[PDB]
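K.L.:
Chains as they are written, first to last, in the authors' numbering: chain B, 9 to 411; chain C, 9 to 411; chain A, 9 to 411.
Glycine is no exception: its CB is placed at the ideal position from the N, C-alpha and C atoms.
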Ligand SMILES: OC[C@H]1O[C@@](CO)(OC[C@@]2(OC[C@@]3(OC[C@@]4(O[C@H]5O[C@H](CO)[C@@H](O)[C@H](O)[C@H]5O)O[C@H](CO)[C@@H](O)[C@@H]4O)O[C@H](CO)[C@@H](O)[C@@H]3O)O[C@H](CO)[C@@H](O)[C@@H]2O)[C@@H](O)[C@@H]1O
Ligand SMILES: OC[C@H]1O[C@@](CO)(OC[C@@]2(OC[C@@]3(OC[C@@]4(O[C@H]5O[C@H](CO)[C@@H](O)[C@H](O)[C@H]5O)O[C@H](CO)[C@@H](O)[C@@H]4O)O[C@H](CO)[C@@H](O)[C@@H]3O)O[C@H](CO)[C@@H](O)[C@@H]2O)[C@@H](O)[C@@H]1O
Ligand SMILES: OC[C@H]1O[C@@](CO)(OC[C@@]2(OC[C@@]3(OC[C@@]4(O[C@H]5O[C@H](CO)[C@@H](O)[C@H](O)[C@H]5O)O[C@H](CO)[C@@H](O)[C@@H]4O)O[C@H](CO)[C@@H](O)[C@@H]3O)O[C@H](CO)[C@@H](O)[C@@H]2O)[C@@H](O)[C@@H]1O
Ligand SMILES: OC[C@H]1O[C@@](CO)(OC[C@@]2(OC[C@@]3(OC[C@@]4(O[C@H]5O[C@H](CO)[C@@H](O)[C@H](O)[C@H]5O)O[C@H](CO)[C@@H](O)[C@@H]4O)O[C@H](CO)[C@@H](O)[C@@H]3O)O[C@H](CO)[C@@H](O)[C@@H]2O)[C@@H](O)[C@@H]1O
Ligand SMILES: OC[C@H]1O[C@@](CO)(OC[C@@]2(OC[C@@]3(OC[C@@]4(O[C@H]5O[C@H](CO)[C@@H](O)[C@H](O)[C@H]5O)O[C@H](CO)[C@@H](O)[C@@H]4O)O[C@H](CO)[C@@H](O)[C@@H]3O)O[C@H](CO)[C@@H](O)[C@@H]2O)[C@@H](O)[C@@H]1O
Ligand SMILES: OC[C@H]1O[C@@](CO)(OC[C@@]2(OC[C@@]3(OC[C@@]4(O[C@H]5O[C@H](CO)[C@@H](O)[C@H](O)[C@H]5O)O[C@H](CO)[C@@H](O)[C@@H]4O)O[C@H](CO)[C@@H](O)[C@@H]3O)O[C@H](CO)[C@@H](O)[C@@H]2O)[C@@H](O)[C@@H]1O
Ligand SMILES: OC[C@H]1O[C@@](CO)(OC[C@@]2(OC[C@@]3(O[C@H]4O[C@H](CO)[C@@H](O)[C@H](O)[C@H]4O)O[C@H](CO)[C@@H](O)[C@@H]3O)O[C@H](CO)[C@@H](O)[C@@H]2O)[C@@H](O)[C@@H]1O
């Protein structure tokens, strides 16, 4: 294709001894054989620049899990190929000109014994570095036992060992229980992807540093996360459009000194944003939050099991700045839990020194813009509603009502 | 080029029955023939993954409108090829080493009755999904009757059918009356494009959902729009650099629960930002606004017909938050209209519950930072200027002057 | 590879009469020969659409400086190939599977008399236009006399003449004294790059207009700048993750009407953000600032020579809005300079009309959240700390303490 042995076309690669295996029959087997060829040629720590695996547009079955254990592997297609399998699965499709996702289309047909399509893992040293996934489609094909479960035990990309400077861009993920998992992410960029109709979209697990999640379209399922970060420092979440129907849109546990700025959040359940287990010194600013109710009939009675006192934002931690956000709450009074409750927009569930400043709230019913738990200390609430919209169970909250 | 029938090189493709037609002579005919080949091979609703059309760098004439009616079509070049035809058309080009745009360079030479270079449209179902335009140049070549009219009736890309997950990235648009139009956009991304010296840059028409317009350079002409959205819900506009000389830089009509955050706006006329016809619950925050005067001699006496009482931001609708913006106004007193008037920076033209908070204004003349129309109800103006810079003709506006 | 003479593969291109000069031995010489071939074929101002130079993954030595003097040259690899040479140089690498960066990997081995790998420069008109550098790695290989000096006199990309619509995206820069310098930038985009372990990351010198620096990961060295801009107008800095250890993370000199919004800033020294020499009318909003101390043993005793009274933000100029930011200051008393001093978070060193509004500061010791020099005029401090945390030596500062 190019005059370099480090450029692979999955549609041109023949597996020695298995002449019937094609990218169409098992792209997993073809890419593992390509990686074996890389490891054969690149055999010292000063001769391992990696390679690019090109996936032309087409339909490819993946039966065999790909183990990515080399630095600077690029897996690159020519399109994210996103298609709403959720709408297809729930309407009359008579006369429809297309019935599945496309582009550089990998159908994830992994067994339960190796359920991640791409397992990015190296035992040993150093951190896996500079791996790129871009411009292709990972499709779990079906949920179990029906299209509305958001369950199938399949993962698109699982990075399971400490990693540096990974770049996930221009991807499409659809109908995976877990689209993308990255554990121990250092200097990760999840940028300009379509991650929708997955049980869970992006899970940043274990710990992380200096990460950017930007310019993504994401929608998850009601038992799953849209974006989750665990023990991240300096994660920046910006320019994302998060839409239903994750249990949450943004969930941090033990994340400190992170920034969630300039995003759009639309959810159908309480607890769209959760800062859990002592999140400290986070900036939650310049975001648009819309709490609505489900319009799509197959999900109308589906819930994340939380009531409207949980908060649109539910925060437990110290010295977070929740500022300069707009909250638009519109839930029919008969869909509010418990019956006759004032919904909570921002709940300070616990912690010291949290500051809520310049937030504009619109609701169709009487709401508490801010509730602060009895355990909250040295809280500040400025210009985020009339006195009558701010509930401090804590005796020491300083409150400036909107004039 | 690759071992897939779904990868096309426009410079290698021969049209059966028209053997002398090349990408150089009519790339539109070549791409139409390629799309016919895709539809011949991809002949069932479960065998349509689409294809990539590759445009090497070069000068290509497009005479025949391309009709894109297949899902997951990627059209990709290797460069946006942007060149200022505006400077070229208006100065002495003696000894100039280049006189036109380049990269993957499509000269748009469409007939007046089929003027859009790319018409993206399908009659039937489902929505066209996952189409990608990237990394090429669409050039309208000339404006008529002269280079400064911003008129030629040509469009770069016109999406005229309901669409899902379209991605427009790394493009160059120049000297088109309309660069990009997208009707009924759902989960659209207009990302990291150069759209400049077009009459109109980006028109998001009809209605839309869950769209991101991010990281673009845009500049339009005095009778057209830079970014227009009509009846959008959850549109996120972030990281854009909007420069002159559109009639407006951002124009929303009937848009609700949208966000315009972390952009740079430079305009030479009033009405740089317009929220029109009852826009509700939009966040307008963390933007830099610069109102100046035309410095390029060919356009010095051009106007958009609006006076300085119209506003840098003109807002008509309910419950918008306009916060944490900087406005730098510098217009020679002789060019301010009406004669001797104080320019208006933010005009609330009408609507209920709008909040203006924490805005810094600089002006070379005495200005009203905020004017509220008499018809505005339950408005708040916080820390957006001294009492002498806020005019509320509405009697129920709550004003906290900057201390 | 494709049926166009404007598509070059550096691994396929042979220099006629120099068969020993390959991409591997001197990719500089190869690309210079490709540019001579472009110039020979594209011989008139109406036949210069430019070309693409494709860099497959591999290890390539660059001994000869590349002179880019043609419009619409795209130089494109398949991977940024980033690897921490800094960690590699300072820890036990026994059993390490990789010891250097990779991807589309250019080892910069330039002579001291032509030290920039890529010099983008043209004498004559018009401005160089539409040049693209994407998806490859520029590696300076070593700092001298040891890995921790940040010194080698090498530059990755130096744009030395006036330019329009340049695009730098998906790049990796490592172990260069200067990664990227762009003089006289007009409509430049530095987007989604990895620029780390360089003495200086991005220097926007001379003057500039309408530029975007977005979605980058950047880390410099203690004598150098992360992002520098000189006399820029309408620069937008957004979505970036700036980490240590530059002298500063953002340094503006004489920049006016620019915007720094929705970024993450982590530094180990005072003066993380500097608005120097009369910066006017800039927006600094919705940013996360973290001032910490060096944790990586090899750099523990390194400093940028400034004391803790300099400021996390140091501003000298008029009418800047510094609002809606979070500052997390944690420096052990034994590392504060001078010993026993009260650190300053935001210093207004001078100028007229600066506004500081809605800033949340956390500090491990008592700090002055805001200090205004005696020379400051018409300053506003709103909701950026209790009265005991704001010090105005200027008599005309209006202060509203946080309630
Ligand atoms: O909530 C987001 C979440 O839901 C998913 C599906 O599980 O996305 C659903 C989506 O639309 C829901 C909505 O419409 C469904 C509908 O169709 C669409 O197709 C139309 C025809 O061209 C488009 O014009 C329209 O814009 C599309 O939304 O399906 C039926 C026909 O197939 C129509 O009756 C519907 O219009 O359902 C309610 C019904 O009132 C509407 O408000 C929605 O448009 O959700 C968003 C909008 O809420 C949209 O992007 C999706 O299509 C999943 O992808 C997400 O995770
Ligand atoms: O003094 C700063 C100094 O200490 C270091 C670590 O030695 O960092 C601590 C840190 O937090 C200080 C902070 O919280 C302390 C602590 O508080 C929890 O318990 C309180 C019960 O009294 C609750 O009120 C509070 O909500 C809980 O978070 O938090 C730690 C758990 O992470 C526990 O070790 C403590 O018990 O002190 C006050 C409360 O007293 C809070 O406002 C702070 O969060 O200091 C910085 C803030 O300056 C913060 O990042 C750290 O976690 C060291 O690095 C510092 O130099
Ligand atoms: O307002 C943006 C809008 O206008 C367009 C043109 O229709 O962009 C023009 C632009 O600059 C206007 C400005 O400069 C014009 C001038 O400078 C250009 O050319 C020089 C040499 O080729 C370059 O060195 C310089 O950087 C260019 O800007 O062009 C003429 C001929 O070269 C010179 O006489 C000018 O100096 O006009 C005045 C000076 O007359 C300056 O204040 C301007 O810079 O607008 C922006 C800056 O305002 C800049 O990026 C553009 O070049 C169009 O592209 C936009 O939609
Ligand atoms: O009570 C909420 C409940 O109603 C639903 C629709 O059944 O949504 C309405 C909505 O808006 C409420 C809001 O505006 C009402 C209305 O106002 C227009 O007319 C007024 C009188 O001339 C003007 O003062 C105002 O500026 C106009 O916008 O808007 C409707 C059309 O969109 C008209 O039919 C109404 O007359 O009520 C007050 C004004 O009384 C405004 O602040 C509101 O915008 O409710 C939500 C906000 O809570 C908003 O998104 C909706 O448009 C239903 O969905 C809700 O549960
Ligand atoms: O309406 C604001 C608008 O007016 C201008 C003048 O057209 O500013 C008026 C304003 O400032 C006056 C002031 O400006 C300093 C000046 O130079 C600074 O910047 C240079 C780099 O760009 C440095 O080399 C120099 O050392 C700096 O002092 O700023 C301009 C360029 O930005 C230069 O033209 C100026 O020389 O002049 C005095 C010095 O005499 C300074 O203290 C001021 O900063 O006037 C009021 C104060 O009365 C102030 O609020 C305004 O900024 C224009 O620059 C503005 O955009
Ligand atoms: O400050 C940024 C600046 O420093 C550079 C190096 O010059 O980046 C360093 C970095 O980490 C510093 C840190 O840990 C380094 C350390 O750990 C890494 O490796 C571990 C697995 O081997 C990972 O689990 C961990 O996440 C990595 O940070 O490297 C050594 C070898 O592994 C270990 O001894 C270290 O623990 O140093 C202190 C402790 O010494 C920790 O607090 C830090 O994580 O900083 C960035 C994050 O901004 C991270 O990616 C780097 O590894 C340079 O690249 C930057 O300009
Ligand atoms: O499933 C809902 C039932 O569970 C309870 C707990 O037995 O509600 C849990 C719930 O709301 C609790 C709530 O109240 C607590 O704190 C108050 C102030 O400190 C105190 O007076 C209450 O006695 C105590 O229960 O939390 C907030 C205050 O933080 C308040 O608004 C709530 O009433 O926990 C979630 C919040 O974290 C809510 O979604 C949920 O309702 C019982 O009350 C429910 O019937």
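Using the beta-carbon of each residue, find all residues closer than 7 Å to any heavy atom of ligand 5 and list them in chain order.
P.N.:
336/C, 338/C, 370/C, 371/C, 372/C, 239/A, 262/A, 264/A, 285/A, 286/A, 288/A, 289/A, 325/A, 326/A, 327/A, 359/A, 360/A, 361/A
K.L.:
Contact criterion: CB-CB distance below 8 Å. Does residue 184/C meet it with respect to chain A?
P.N.:
no
K.L.:
Anything with a beta carbon under 6 Å from a heavy atom of ligand 1 counts; list them all in chain order.
P.N.:
92/B, 94/B, 95/B, 99/B, 204/B, 205/B, 227/B, 251/B, 252/B, 253/B, 303/B, 304/B, 135/C, 170/C, 192/C, 194/C, 195/C, 217/C, 218/C
K.L.:
Does the CB of residue 328/C have a neighbour CB from chain A at under 8 Å?
P.N.:
no
K.L.:
Mind reading off the beta-carbon distance from residue 169/A to residue 138/A? Whole number of angstroms is fine, and I expect it under 8 Å.
P.N.:
Not quite, the Cβ-Cβ distance comes to about 14 Å (not below 8 Å), so this is no contact.
K.L.:
Any C-beta of chain A within less than 7 Å: which residues of the region 250–274 of chain C qualify?
P.N.:
Per Cβ criterion, the list reads 251, 270, 272, 274.
K.L.:
Can you give the Cα-Cα distance for residue 158/B and residue 230/B, rounded to whole angstroms?
P.N.:
Those two C-alpha atoms are separated by around 8 Å.
K.L.:
Is residue 34/A near residue 82/A, with beta carbons less than 8 Å apart?
P.N.:
No, they are not a contact pair.
K.L.:
For residue 191/B, count the other beta carbons within 10 Å of its own beta carbon; 16 or more makes it buried, fewer makes it exposed. Which is it?
P.N.:
By the 10 Å Cβ count, residue 191/B comes out buried.
K.L.:
Taking three-plus beta-carbon pairs below 8 Å as touching, is the region 237–257 of chain B in contact with the region 219–227 of chain B?
P.N.:
yes
K.L.:
Output needed in chain order: residues of the region 353–364 of chain B with a Cβ under 7 Å from some Cβ in chain C.
P.N.:
Flagged: no residues at all.
K.L.:
Quick one: Cα of residue 369/C to Cα of residue 275/C, how far?
P.N.:
15 Å
K.L.:
From the DSSP output, in three-state form, read off residue 181/B for me.
P.N.:
Three-state DSSP puts residue 181/B in a strand.
K.L.:
Whose C-beta lies closer than 8 Å to the C-beta of residue 265/C among residues of the same chain, with five residues either side of it excluded?
P.N.:
241, 242, 288, 289, 290
K.L.:
Of all Cβ atoms in chain A, is any one closer than 8 Å to the Cβ of residue 392/B?
P.N.:
no
K.L.:
Residues of chain A with a CB under 8 Å from the CB of residue 242/B: which are they?
P.N.:
249, 251, 272, 274, 296, 298
K.L.:
Among all the DSSP beta bridges, which residues are the ones paired with residue 194/A?
P.N.:
Looking at the DSSP output, residue 194/A bridges to 172/A, 217/A.
K.L.:
Under 6 Å Cβ to Cβ from residue 237/B, same chain only, skipping five residues before and after it: list those, please.
P.N.:
212, 243, 260, 263
K.L.:
Should the region 87–105 of chain B be regarded as contacting the region 31–48 of chain B, the criterion being three or more beta carbon pairs within less than 8 Å?
P.N.:
no
K.L.:
Can you check which of these residues, 13/B, 391/B, 336/B, is closest to residue 407/C by C-alpha distance?
P.N.:
391/B
K.L.:
Checking contacts by CB at 8 Å: is residue 376/C closer than that to chain A?
P.N.:
no
K.L.:
Please specify which runs of the beta strand (DSSP E), each continuous and at least 3 residues long, are wholly inside the region 288–373 of chain C, giving them in chain order.
P.N.:
291–293, 296–299, 321–324, 329–331, 334–337, 352–358, 363–365, 368–371
K.L.:
Rounding to the nearest angstrom, what Cα-Cα distance links residue 411/A and residue 382/B in this structure?
P.N.:
20 Å
K.L.:
If you measure beta-carbon to beta-carbon, which residues of the region 48–75 of chain A are closer than 7 Å to chain B?
P.N.:
Interface annotation for the region 48–75 of chain A against chain B: 62, 64, 65, 66, 67, criterion Cβ-Cβ distance under 7 Å.
K.L.:
What residue from 88/C, 286/C, 134/C has the CA that sits closest to residue 141/C's CA?
P.N.:
88/C
K.L.:
Can you give the beta carbon distance from residue 246/C to residue 271/C, rounded, assuming they're within the 8 Å contact cut?
P.N.:
Contact flag correct, Cβ pair sits at about 7 Å.
K.L.:
At what residue ranges does the region 91–128 of chain C contain a whole run of the beta strand (DSSP E), taking only runs of 3 or more?
P.N.:
112–116, 124–128
K.L.:
I'd like to confirm something about residue 277/B: is its beta-carbon nearer than 7 Å to some heavy atom of ligand 7, or not?
P.N.:
no
K.L.:
Counting only C-beta atoms, is residue 92/B closer than 8 Å to chain C at any point?
P.N.:
Flagged as an interface residue toward chain C: residue 92/B, by a C-beta distance shorter than 8 Å.
K.L.:
Compute the distance between the beta-carbons of residue 361/C and residue 404/C, then report whether it is under 8 Å.
P.N.:
no
K.L.:
Using a Cβ-Cβ distance cut-off of 8 Å, determine whether residue 86/B contacts chain C.
P.N.:
By this cut-off, residue 86/B is an interface position.
K.L.:
Per DSSP, which one or two residues make a beta bridge with residue 145/B?
P.N.:
113/B, 180/B
K.L.:
Verify the contact flag: residue 133/A, CB atom, against every heavy atom of ligand 3, threshold strictly below 7 Å.
P.N.:
yes
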